[PDB]
């Protein structure tokens, strides 16, 4: 079974790890809290110093630590935002250009596109039939079994699992606060301790 190893929310939360944002990877208009738990999208003139490590096209930032084995869980406040990206990726993803955010390309993510539109970034994408919009999302990686699972912490329910994943090399958390959406989506993502 695809889900035999996949825990419920409480079981996932037992594997909580401390994640921080790696601001040096960030798309240069992203803005970070001093504690490296929050990220939001600034204006075009608000720029971090450029470098080869930064994403240049996709509004993305990576987290730390990376991991090569084991079970790892973290939780993110998404609140009343209208768009975001959450999940994990290979540490070796390319930073420059546009690339599809797919398992084959080293990404395992769920995307909020707009109100009431959520997808798993399979190819083709899979619509997620969410009825209670999450205000906090949990991400659980089980390296050995090759799964990454997403939870609606608000509803205390599973959202989606990528199973039979092709994990090689280290993985790390990935985040996007989305575009500003005319002012509807300016709030940060905030990594949070399990409640």
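Positions refer to the first chain, counted from 1.
- Mean CA temperature factor is higher for 96-104 when stretches 119-127 and 96-104 are set side by side in the entry.
- Here the stretch with the larger average CA B-factor, out of 22-30 and 132-140, is 22-30.
- Annotation for 42, 70, 63, 52: 52 ranks highest, by Cα B-factor.
- In the PDB entry, the Cα temperature factor peaks, among 159, 58, 163, 36, at 58.
- Residue 188: CA B factor in the lowest third of modelled residues in this chain (values from the PDB entry).
- In the deposited entry, the Cα temperature factor of residue 10 places it in the highest third of its chain's modelled residues.
- Sort the chain's modelled residues by C-alpha temperature factor and residue 153 lands in the middle third, per the entry.
- The entry lists a Cα temperature factor for residue 173 that places it in the lowest third of the chain's modelled residues.
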